[PDB]
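Enquirer: One structure, as structure tokens, below. Some questions next.
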Amino acid sequence: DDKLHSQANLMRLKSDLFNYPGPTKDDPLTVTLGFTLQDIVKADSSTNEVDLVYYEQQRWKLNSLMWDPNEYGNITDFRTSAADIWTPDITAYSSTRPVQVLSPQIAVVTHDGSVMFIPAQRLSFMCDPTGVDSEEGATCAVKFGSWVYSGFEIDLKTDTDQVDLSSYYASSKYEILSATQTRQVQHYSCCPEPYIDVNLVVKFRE
Amino acid sequence: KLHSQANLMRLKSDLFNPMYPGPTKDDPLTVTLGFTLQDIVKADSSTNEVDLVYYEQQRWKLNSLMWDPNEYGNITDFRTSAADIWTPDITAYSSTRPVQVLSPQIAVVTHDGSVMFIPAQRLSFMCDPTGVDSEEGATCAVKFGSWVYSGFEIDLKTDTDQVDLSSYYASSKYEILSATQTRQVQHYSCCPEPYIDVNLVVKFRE
Amino acid sequence: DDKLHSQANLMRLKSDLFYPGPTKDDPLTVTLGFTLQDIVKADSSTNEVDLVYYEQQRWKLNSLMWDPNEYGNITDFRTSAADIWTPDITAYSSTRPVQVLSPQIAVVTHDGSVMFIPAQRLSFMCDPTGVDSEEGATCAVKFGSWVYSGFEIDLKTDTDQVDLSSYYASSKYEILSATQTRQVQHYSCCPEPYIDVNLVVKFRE
Amino acid sequence: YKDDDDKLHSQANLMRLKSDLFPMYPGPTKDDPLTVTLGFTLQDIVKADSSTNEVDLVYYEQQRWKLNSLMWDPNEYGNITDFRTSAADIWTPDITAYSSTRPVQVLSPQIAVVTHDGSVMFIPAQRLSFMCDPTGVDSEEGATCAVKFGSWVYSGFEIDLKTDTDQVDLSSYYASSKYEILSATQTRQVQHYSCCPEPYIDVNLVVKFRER
Amino acid sequence: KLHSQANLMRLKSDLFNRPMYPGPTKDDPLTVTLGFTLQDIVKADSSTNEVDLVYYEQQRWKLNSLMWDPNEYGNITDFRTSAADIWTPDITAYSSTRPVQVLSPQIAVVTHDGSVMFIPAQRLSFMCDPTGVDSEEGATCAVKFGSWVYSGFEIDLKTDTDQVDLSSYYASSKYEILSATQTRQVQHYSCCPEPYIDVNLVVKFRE
Ligand SMILES: C[N@+]1(CCc2ccccc2)[C@@H]2CC[C@H]1C[C@H](n1cc(Cn3c4ccccc4c4ccccc43)nn1)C2
């Protein structure tokens with residue numbers, strides 16, 4: 001009965017929350033982004049493509065997802081399918097293959113309205129690995145950002161400019177020399193609204 | 001702020017509630033098409049296939065998607081999944097693999113009824129790269145157009161005949177010597193009505 | 001108002017129109033034709049060949065007939081191929097799942113004709129020995145219904161000559177000839193005859 | 001007009017049959033077990049990969065079973081004796097290759113033929129990569145490989161798996177294959193594990209082949 | 001026989017209309033037992049340090065909400081159901097380099113005490129340096145499996161043994177197995193007061 005009780009309290013919370021159209025200029029949203037780089041799998045010098053495996057941490061906060069734990073049996077967080085909630089359209093801008101998702105698509109929602117979503121991904125992107133067989137290595141970069149929302153609708157932030165490297169694969173064919181993730185504001189001539197991306201820059205060698 | 005979210009939900013609800021059944025000879029449609037070439041990833045002379053990554057910009061305008069911003073809290077635009085609305089069946093005529101989609105598929109609808117849809121794609125198509133190792137380079141071409149709508153239903157237009165190369169990957173294995181996109185009208189033995197395509201012609205070398 | 005009127009006539013038509021497939025009492029004729037675009041690849045290590053082609057399919061249902069005069073003079077419309085019955089026509093010696101290159105949309109006309117032309121890439125069983133010679137190599141593949149006999153689905157072509165007017169002029173392979181021949185198979189097992197179209201292609205580097 | 005009405009009449013009778021056929025069958029059980037007959041038609045050995053010991057087969061897998069819940073009297077349904085239906089509309093057995101190395105690839109539509117006595121015939125074409133050492137294929141004696149097929153989750157108390165013959169049908173084998181078949185058999189096997197009182201049934205496909 | 005089918009359908013209707021199970025929580029936690037049956041090391045790629053494994057992954061858990069008295073249901077003790085019809089754990093490989101490939105139907109066995117048995121066959125590419133596979137000591141690689149979003153306070157992981165089942169290992173694989181273990185690990189992250197659990201698969205092999 002106590003188990004049924006706690007299950008009922010969670011079902012009641014989720015039912016209440018699921019009964020938000022995305023950010024707008026009137027209701028903008030900040031998304032925090034961070035990369036945990038696991039592996040440089042392949043560097044292909046015949047096509048100038050490089051394959052990364054990483055965890056992409058995304059976090060945003062919505063008033064529509066807030067609740068008072070006292071009103072819901074002291075539940076402070078829950079797990080739901082990422083398809084049950086809005087998620088940002090953050091995309092690599094210079095990929096050469098569809099990203100491959102390696103993990104279940106499940107987000108964690110906290111009572112303050114906070115959402116954490118961390119998909120693991122394999123990405124092929126445009127990168128000339130010339131010099132990777134040298135001491136100074138090779139340098140490659142790829143920008144991530146919303147596909148359809150400007151800086152007036154989604155702002156992008158990092159908690160740090162240092163890519164988390166504490167899970168990089170120790171026996172990779174490639175050693176990481178540096179890995180940074182840097183927010184950039186762009187002003188294009190096409191458009192008066194600013195655009196935001198996070199630039200991932202990785203220096204590596206064999 | 002719940003007010004602005006409610007205004008956007010009211011607009012979307014009004015718009016989604018005659019449904020637009022696609023264009024016809026009595027209600028024809030003009031689709032504007034343009035390419036922004038990012039990369040020639042691979043040119044395979046053993047099979048005469050070449051792989052291209054590009055943005056394909058598509059734009060059209062529908063009365064049924066118009067609204068007065070005054071009646072909807074001055075909302076001027078919104079975002080919706082491309083699967084939630086009619087989109088044109090623009091197709092490469094001479095691909096050799098199903099096109100790969102590299103971006104979210106989200107359209108931007110604006111209050112004048114116009115729709116902007118810009119998928120990023122990777123495409124393999126029939127292309128003989130003989131001469132790519134020479135100064136004159138190699139020239140290839142591929143037509144894009146509606147698969148099943150004639151020019152009396154979907155007409156195509158370009159805003160320029162010059163393919164934008166400013167996002168072309170500077171360290172590609174191949175450099176672009178020229179890239180044009182040209183509207184064509186074609187009649188076919190099969191079918192009584194002309195079909196419209198845009199011919200994408202690219203000249204490139206190592 | 002005029003554009004809303006025509007959109008409403010189309011939606012009324014589609015609504016009114018929206019069959020358990022064919023049977024021996026209610027049989028169906030499918031017309032089939034091939035437009036061969038490219039022999040992409042001829043793999044002598046596995047005796048597989050990859051073709052790219054348009055496959056014209058056409059059939060007629062009384063259940064999709066209408067009088068244009070009752071529907072604002074509409075003579076035809078477009079609809080998703082997953083919204084209507086389509087025949088189970090299949091290559092009999094493929095070695096990979098066919099790859100679909102075109103959107104799956106059919107044309108329907110007021111006489112009840114359905115018209116469907118998927119672009120496709122097909123790997124199929126083919127020994128290319130001889131392709132590096134003047135006589136070339138020759139390969140064949142049969143197309144037909146998977147589960148319907150000739151008493152349920154009859155296959156017809158409009159001609160035995162494959163359409164080569166869109167063959168890729170710079171292919172690695174040149175086409176010496178390409179034919180698409182209706183065949184009636186009579187088996188002793190079964191009272192019903194079976195029907196395929198045999199696609200025969202002779203080609204060389 | 002009369003012809004039109006005859007056509008609609010037969011259509012209505014078939015729609016009535018399928019609507020009538022569709023207590024729902026919940027799959028087989030120890031109380032209501034089921035026999036599934038399995039036979040293979042080998043079309044082609046496409047590829048033998050000696051660097052990974054994987055071999056690729058194209059074949060038709062014939063499956064047959066009979067359900068009381070699919071019977072009907074043709075007299076009650078306009079003399080209809082059989083119909084075609086998508087394999088997703090009915091229960092189908094979970095017959096699986098036990099040592100595949102890639103997901104099976106389906107090459108044909110997934111359509112079953114249901115006959116008025118309740119017998120179902122389902123013949124999908126498939127491409128399968130499975131574990132196989134091709135050492136000897138470049139010799140006159142050839143190489144021999146095997147793969148077991150069986151239900152993934154039903155024991156012999158729920159699904160009895162049978163063959164009609166040990167002889168794999170080779171009459172459609174591709175005459176210009178890179179590999180010629182020396183023999184191919186399909187044999188029912190019963191395993192008992194001491195863990196569990198229930199038997200477990202597979203059909204073992206054994207193929208001996210060599211470079212052409 | 002119609003009566004036994006109606007009993008099974010009655011049971012399945014009663015279980016699937018029960019409040020709905022929302023997944024495990026701190027207050028309603030769950031233990032998942034994991035075990036691997038290793039069939040084949042298909043491929044070891046030294047140019048990318050990726051290795052491909054084929055295995056069966058046994059998963060077992062128990063839910064109050066799937067319990068029933070066989071006496072109320074014609075002595076039915078178990079049934080088969082699609083894995084999409086029940087809650088299943090988000091068990092994931094932490095260092096794969098391609099999406100896992102599923103080789104078996106996604107069907108589970110549910111038992112009257114509420115236990116679920118689900119055993120997918122899988123092909124997995126994961127991060128592994130095969131240097132030494134050409135030698136007598138062989139090479140050694142490891143990959144963790146665990147929930148993707150659930151802590152040890154919601155999903156505990158157990159193995160029934162630490163010895164990977166090698167009884168179905170392919171005898172003519174390009175590679176032989178020197179040893180293979182599956183070890184529960186308790187993992188503490190500075191982010192979080194709750195422990196995280198994984199099962200570490202360690203395989204030593206050689207040509
Ligand atoms: C290249 N298209 C194809 C070219 C083609 C096409 C047939 C051979 C050889 C190159 C795409 C591309 C644009 C132009 C023609 C387009 N198109 C759309 C359709 C639909 N359609 C049919 C389909 C099957 C059978 C008959 C018809 C039919 C009859 C009248 C009007 C339209 C028809 N047919 N062709 C298809």
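Scheme for the structure tokens: letters A, B, ... for chains in order shown; per-chain residue numbers from 1; ligand numbers from 1 in order shown.
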Could you report the residues within 10 Å of ligand 1, using only C-alpha atoms and all ligand atoms, as a ChimeraX atom specification?
Expert: /B:90-94,143-150,186-197 /C:31-37,53-59,76,78,102,105-109,113-119,163-167
Enquirer: I need the chain B residues near chain C as a list in words; criterion: at most 8 Å, counting only C-alpha atoms.
Expert: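 Here they are: residues 18, 19, 20, 21, 24, 26, 27, 46, 47, 48, 49, 89, 91, 94, 95, 96, 97, 98, 99, 126, 127, 128, 147 and 148 of chain B.
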Enquirer: For C-alpha atoms, I'd like the residues from the last selection saved as a PDB file, in the first residue's frame.
Expert:
```
ATOM      1  CA  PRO B  18     -11.076  23.296 -45.158  1.00  0.00           C
ATOM      2  CA  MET B  19      -7.736  21.659 -44.498  1.00  0.00           C
ATOM      3  CA  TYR B  20      -5.023  22.520 -47.028  1.00  0.00           C
ATOM      4  CA  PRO B  21      -4.846  19.438 -49.300  1.00  0.00           C
ATOM      5  CA  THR B  24      -3.670  21.911 -57.460  1.00  0.00           C
ATOM      6  CA  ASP B  26      -6.764  25.722 -59.498  1.00  0.00           C
ATOM      7  CA  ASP B  27      -4.628  26.608 -56.432  1.00  0.00           C
ATOM      8  CA  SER B  46      35.098   3.181 -59.212  1.00  0.00           C
ATOM      9  CA  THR B  47      31.303   3.676 -59.176  1.00  0.00           C
ATOM     10  CA  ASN B  48      30.992   7.276 -60.505  1.00  0.00           C
ATOM     11  CA  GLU B  49      29.189   8.439 -57.361  1.00  0.00           C
ATOM     12  CA  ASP B  89       8.163  16.545 -52.385  1.00  0.00           C
ATOM     13  CA  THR B  91      13.528  15.127 -54.947  1.00  0.00           C
ATOM     14  CA  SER B  94      19.661  10.985 -60.086  1.00  0.00           C
ATOM     15  CA  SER B  95      20.591   9.987 -56.547  1.00  0.00           C
ATOM     16  CA  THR B  96      22.049   6.532 -55.900  1.00  0.00           C
ATOM     17  CA  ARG B  97      21.351   6.243 -52.137  1.00  0.00           C
ATOM     18  CA  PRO B  98      18.488   7.580 -50.001  1.00  0.00           C
ATOM     19  CA  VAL B  99      19.332  11.135 -48.992  1.00  0.00           C
ATOM     20  CA  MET B 126      25.656   9.977 -60.381  1.00  0.00           C
ATOM     21  CA  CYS B 127      28.848  11.863 -61.141  1.00  0.00           C
ATOM     22  CA  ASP B 128      31.933  10.989 -63.187  1.00  0.00           C
ATOM     23  CA  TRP B 147       8.249  14.036 -57.897  1.00  0.00           C
ATOM     24  CA  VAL B 148       4.486  14.034 -58.605  1.00  0.00           C
TER      25      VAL B 148
END
```
Enquirer: Identify every residue of chain A that has at least one atom within 7 Å of any atom of chain B, counting only C-alpha atoms, and report the result as a list in words.
Expert: residues 20, 21, 26, 27, 47, 48, 89, 91, 95, 96, 97, 98, 128 and 147 of chain A
Enquirer: Taking only residues of chain A that have an atom at most 10 Å from an atom of chain E, what is each one's shortest atom pair and its distance in Å to one decimal, using only C-alpha atoms, in chain and number order, as JSON lines?
Expert:
```
{"residue": "A:2", "atom": "CA", "partner": "E:27", "partner_atom": "CA", "distance": 8.5}
{"residue": "A:3", "atom": "CA", "partner": "E:28", "partner_atom": "CA", "distance": 5.7}
{"residue": "A:4", "atom": "CA", "partner": "E:19", "partner_atom": "CA", "distance": 7.3}
{"residue": "A:5", "atom": "CA", "partner": "E:19", "partner_atom": "CA", "distance": 9.2}
{"residue": "A:6", "atom": "CA", "partner": "E:27", "partner_atom": "CA", "distance": 6.6}
{"residue": "A:7", "atom": "CA", "partner": "E:22", "partner_atom": "CA", "distance": 6.6}
{"residue": "A:8", "atom": "CA", "partner": "E:19", "partner_atom": "CA", "distance": 6.1}
{"residue": "A:9", "atom": "CA", "partner": "E:19", "partner_atom": "CA", "distance": 9.7}
{"residue": "A:10", "atom": "CA", "partner": "E:22", "partner_atom": "CA", "distance": 7.1}
{"residue": "A:11", "atom": "CA", "partner": "E:22", "partner_atom": "CA", "distance": 6.5}
{"residue": "A:12", "atom": "CA", "partner": "E:19", "partner_atom": "CA", "distance": 9.6}
{"residue": "A:14", "atom": "CA", "partner": "E:22", "partner_atom": "CA", "distance": 9.2}
{"residue": "A:38", "atom": "CA", "partner": "E:95", "partner_atom": "CA", "distance": 7.8}
{"residue": "A:39", "atom": "CA", "partner": "E:127", "partner_atom": "CA", "distance": 8.1}
{"residue": "A:40", "atom": "CA", "partner": "E:48", "partner_atom": "CA", "distance": 8.6}
{"residue": "A:41", "atom": "CA", "partner": "E:48", "partner_atom": "CA", "distance": 5.5}
{"residue": "A:42", "atom": "CA", "partner": "E:48", "partner_atom": "CA", "distance": 5.7}
{"residue": "A:43", "atom": "CA", "partner": "E:48", "partner_atom": "CA", "distance": 8.7}
{"residue": "A:51", "atom": "CA", "partner": "E:97", "partner_atom": "CA", "distance": 9.6}
{"residue": "A:52", "atom": "CA", "partner": "E:97", "partner_atom": "CA", "distance": 8.9}
{"residue": "A:53", "atom": "CA", "partner": "E:97", "partner_atom": "CA", "distance": 6.7}
{"residue": "A:54", "atom": "CA", "partner": "E:95", "partner_atom": "CA", "distance": 9.4}
{"residue": "A:55", "atom": "CA", "partner": "E:94", "partner_atom": "CA", "distance": 10.0}
{"residue": "A:75", "atom": "CA", "partner": "E:25", "partner_atom": "CA", "distance": 9.3}
{"residue": "A:77", "atom": "CA", "partner": "E:25", "partner_atom": "CA", "distance": 9.4}
{"residue": "A:78", "atom": "CA", "partner": "E:25", "partner_atom": "CA", "distance": 8.0}
{"residue": "A:79", "atom": "CA", "partner": "E:149", "partner_atom": "CA", "distance": 7.4}
{"residue": "A:80", "atom": "CA", "partner": "E:22", "partner_atom": "CA", "distance": 9.1}
{"residue": "A:100", "atom": "CA", "partner": "E:99", "partner_atom": "CA", "distance": 6.8}
{"residue": "A:101", "atom": "CA", "partner": "E:99", "partner_atom": "CA", "distance": 6.6}
{"residue": "A:102", "atom": "CA", "partner": "E:99", "partner_atom": "CA", "distance": 5.0}
{"residue": "A:103", "atom": "CA", "partner": "E:92", "partner_atom": "CA", "distance": 6.6}
{"residue": "A:104", "atom": "CA", "partner": "E:90", "partner_atom": "CA", "distance": 6.6}
{"residue": "A:105", "atom": "CA", "partner": "E:148", "partner_atom": "CA", "distance": 9.1}
{"residue": "A:106", "atom": "CA", "partner": "E:149", "partner_atom": "CA", "distance": 7.0}
{"residue": "A:107", "atom": "CA", "partner": "E:149", "partner_atom": "CA", "distance": 7.5}
{"residue": "A:108", "atom": "CA", "partner": "E:149", "partner_atom": "CA", "distance": 7.2}
{"residue": "A:116", "atom": "CA", "partner": "E:149", "partner_atom": "CA", "distance": 9.8}
{"residue": "A:117", "atom": "CA", "partner": "E:149", "partner_atom": "CA", "distance": 9.1}
{"residue": "A:118", "atom": "CA", "partner": "E:149", "partner_atom": "CA", "distance": 8.9}
{"residue": "A:119", "atom": "CA", "partner": "E:148", "partner_atom": "CA", "distance": 9.3}
{"residue": "A:120", "atom": "CA", "partner": "E:94", "partner_atom": "CA", "distance": 8.7}
{"residue": "A:121", "atom": "CA", "partner": "E:97", "partner_atom": "CA", "distance": 8.3}
{"residue": "A:122", "atom": "CA", "partner": "E:97", "partner_atom": "CA", "distance": 6.7}
{"residue": "A:167", "atom": "CA", "partner": "E:95", "partner_atom": "CA", "distance": 9.7}
{"residue": "A:169", "atom": "CA", "partner": "E:127", "partner_atom": "CA", "distance": 7.5}
{"residue": "A:170", "atom": "CA", "partner": "E:129", "partner_atom": "CA", "distance": 9.5}
{"residue": "A:171", "atom": "CA", "partner": "E:129", "partner_atom": "CA", "distance": 6.0}
{"residue": "A:172", "atom": "CA", "partner": "E:49", "partner_atom": "CA", "distance": 6.5}
{"residue": "A:173", "atom": "CA", "partner": "E:48", "partner_atom": "CA", "distance": 6.3}
{"residue": "A:174", "atom": "CA", "partner": "E:48", "partner_atom": "CA", "distance": 9.2}
```
Enquirer: Chain D residues within 7 Å of chain E, counting only C-alpha atoms: which ones, as number ranges by chain?
Expert: D: 23, 25-26, 31-32, 52-53, 94, 96, 101-103, 133
Enquirer: With N, CA and C atoms retained, write the just-selected residues as a short mmCIF file (atom, residue, chain, number, x, y, z; two decimals), in the first residue's frame.
Expert:
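Wrote out00.cif, looks like this:
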```cif
data_model
loop_
_atom_site.label_atom_id
_atom_site.label_comp_id
_atom_site.auth_asym_id
_atom_site.auth_seq_id
_atom_site.Cartn_x
_atom_site.Cartn_y
_atom_site.Cartn_z
N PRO D 23 -12.77 -14.17 -28.11
CA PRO D 23 -11.49 -14.27 -27.38
C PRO D 23 -10.30 -14.29 -28.32
N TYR D 25 -6.69 -14.70 -29.95
CA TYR D 25 -5.60 -15.68 -29.84
C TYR D 25 -4.40 -15.04 -29.15
N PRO D 26 -3.97 -15.56 -28.01
CA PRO D 26 -2.86 -14.92 -27.27
C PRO D 26 -1.52 -15.60 -27.50
N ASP D 31 -1.15 -25.32 -22.32
CA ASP D 31 -2.49 -25.86 -22.46
C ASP D 31 -2.96 -25.94 -23.90
N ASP D 32 -2.44 -25.08 -24.77
CA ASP D 32 -2.90 -24.98 -26.14
C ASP D 32 -1.69 -24.90 -27.06
N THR D 52 36.45 -12.56 -40.69
CA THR D 52 35.57 -12.50 -39.52
C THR D 52 34.80 -13.78 -39.27
N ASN D 53 34.94 -14.79 -40.13
CA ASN D 53 34.15 -16.02 -40.06
C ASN D 53 32.66 -15.70 -39.97
N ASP D 94 7.95 -16.57 -33.36
CA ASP D 94 9.22 -15.84 -33.17
C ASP D 94 10.45 -16.69 -33.51
N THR D 96 13.90 -17.73 -34.75
CA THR D 96 15.08 -16.88 -34.79
C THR D 96 16.34 -17.70 -35.05
N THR D 101 25.03 -12.76 -36.79
CA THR D 101 25.95 -11.72 -36.38
C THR D 101 25.48 -10.34 -36.77
N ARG D 102 24.39 -10.22 -37.53
CA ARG D 102 23.76 -8.97 -37.91
C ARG D 102 22.26 -9.19 -37.88
N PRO D 103 21.47 -8.13 -37.70
CA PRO D 103 20.02 -8.27 -37.81
C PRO D 103 19.64 -8.82 -39.17
N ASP D 133 32.97 -20.65 -40.42
CA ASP D 133 34.38 -20.67 -40.78
C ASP D 133 34.52 -21.21 -42.20
#
```
Enquirer: Could you name the residues that touch residue 92 of chain A at 6 Å or less, counting only C-alpha atoms, but leaving out those on the same chain fewer than 2 positions away, as number ranges by chain?
Expert: A: 94-95, 143-144
Enquirer: Once DSSP has gone over the backbone, tell me which residues of segment 8-118 of chain D are in strand (DSSP E or B), as a PyMOL selection string.
Expert: chain D and resi 34-49+54-71+82-86+95-97+100+105-106+111-115+117-118
Enquirer: Using only C-alpha atoms and a distance of at most 8 Å, pull out the residues of chain C that contact chain D, as a list in words.
Expert: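 Taken together, these residues fit the definition: residues 19, 20, 25, 26, 45, 46, 47, 48, 62, 88, 90, 93, 94, 95, 96, 97, 98, 125, 126, 127, 146 and 147 of chain C.
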Enquirer: Using only C-alpha atoms, determine which residues lie at most 8 Å from residue 60 of chain C, disregarding the query and same-chain residues fewer than 4 positions distant; provide the list as a PyMOL selection string.
Expert: chain C and resi 28-30+64+111-114
Enquirer: Using only N, CA and C atoms, please write the residues we just selected to a file, as a tab-separated table (two decimals), in the first residue's frame.
Expert:
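Wrote it out as result-v6.tsv, contents follow:
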```tsv
chain	number	residue	atom	x	y	z
C	28	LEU	N	-7.25	-8.01	-60.83
C	28	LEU	CA	-6.63	-6.71	-61.05
C	28	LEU	C	-5.46	-6.87	-62.01
C	29	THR	N	-5.30	-5.91	-62.91
C	29	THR	CA	-4.19	-5.90	-63.85
C	29	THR	C	-3.25	-4.77	-63.49
C	30	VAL	N	-1.99	-5.10	-63.27
C	30	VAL	CA	-0.95	-4.11	-62.98
C	30	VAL	C	-0.06	-4.00	-64.20
C	64	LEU	N	-12.00	3.80	-56.78
C	64	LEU	CA	-11.43	5.14	-56.83
C	64	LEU	C	-11.95	5.95	-58.01
C	111	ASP	N	-10.93	8.05	-63.61
C	111	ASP	CA	-11.34	6.72	-64.07
C	111	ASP	C	-10.92	5.61	-63.11
C	112	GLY	N	-10.37	5.96	-61.95
C	112	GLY	CA	-9.92	4.98	-60.98
C	112	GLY	C	-8.53	4.44	-61.20
C	113	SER	N	-7.75	5.04	-62.11
C	113	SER	CA	-6.37	4.62	-62.32
C	113	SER	C	-5.47	5.18	-61.22
C	114	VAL	N	-4.56	4.34	-60.73
C	114	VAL	CA	-3.55	4.76	-59.77
C	114	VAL	C	-2.21	4.66	-60.48
```
Enquirer: Which residues come within 10 Å of residue 178 of chain E, counting only C-alpha atoms, excluding same-chain residues fewer than 6 positions away, as number ranges by chain?
Expert: E: 136-140, 203-206
Enquirer: What would the file look like if the residues just selected were written as a PDB file, in the first residue's frame with N, CA and C atoms?
Expert:
```pdb
ATOM      1  N   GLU E 136      50.537 -14.532 -26.605  1.00  0.00           N
ATOM      2  CA  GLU E 136      49.988 -15.583 -25.748  1.00  0.00           C
ATOM      3  C   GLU E 136      49.213 -15.007 -24.566  1.00  0.00           C
ATOM      4  N   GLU E 137      49.641 -13.859 -24.033  1.00  0.00           N
ATOM      5  CA  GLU E 137      48.859 -13.230 -22.978  1.00  0.00           C
ATOM      6  C   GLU E 137      47.561 -12.627 -23.510  1.00  0.00           C
ATOM      7  N   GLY E 138      47.485 -12.336 -24.813  1.00  0.00           N
ATOM      8  CA  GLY E 138      46.297 -11.778 -25.423  1.00  0.00           C
ATOM      9  C   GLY E 138      46.088 -10.322 -25.043  1.00  0.00           C
ATOM     10  N   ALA E 139      44.938  -9.798 -25.462  1.00  0.00           N
ATOM     11  CA  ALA E 139      44.505  -8.451 -25.118  1.00  0.00           C
ATOM     12  C   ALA E 139      43.333  -8.506 -24.145  1.00  0.00           C
ATOM     13  N   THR E 140      43.120  -7.399 -23.441  1.00  0.00           N
ATOM     14  CA  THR E 140      42.094  -7.308 -22.413  1.00  0.00           C
ATOM     15  C   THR E 140      41.269  -6.053 -22.644  1.00  0.00           C
ATOM     16  N   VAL E 203      36.946  -8.873 -20.716  1.00  0.00           N
ATOM     17  CA  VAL E 203      37.231 -10.003 -21.588  1.00  0.00           C
ATOM     18  C   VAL E 203      38.697  -9.970 -22.006  1.00  0.00           C
ATOM     19  N   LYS E 204      39.408 -11.078 -21.786  1.00  0.00           N
ATOM     20  CA  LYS E 204      40.771 -11.256 -22.278  1.00  0.00           C
ATOM     21  C   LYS E 204      40.735 -12.296 -23.381  1.00  0.00           C
ATOM     22  N   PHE E 205      41.346 -11.981 -24.514  1.00  0.00           N
ATOM     23  CA  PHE E 205      41.192 -12.839 -25.674  1.00  0.00           C
ATOM     24  C   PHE E 205      42.444 -12.758 -26.530  1.00  0.00           C
ATOM     25  N   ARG E 206      42.528 -13.665 -27.498  1.00  0.00           N
ATOM     26  CA  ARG E 206      43.666 -13.695 -28.401  1.00  0.00           C
ATOM     27  C   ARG E 206      43.295 -14.498 -29.632  1.00  0.00           C
TER      28      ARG E 206
END
```
Enquirer: Grab the atom CA of residue 69 of chain D to atom CA of residue 191 of chain C distance for me, in Å with one decimal place.
Expert: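 Interatomic distance here is 27.5 Å.
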Enquirer: What's around residue 161 of chain B at 12 Å? Count only C-alpha atoms, leave out sequence neighbours fewer than 5 positions away in its own chain, and write the answer as a list in words.
Expert: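 In the requested form, the answer reads residues 32, 33, 34, 35, 36, 178, 179, 180, 181, 182, 183, 184, 198, 199, 200, 201 and 202 of chain B.
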Enquirer: As number ranges by chain, please: the residues near residue 184 of chain A (cut-off 12 Å, only C-alpha atoms, same-chain neighbours under 2 positions excluded).
Expert: A: 143-145, 151, 155-158, 161, 181-182, 186-187, 194-200
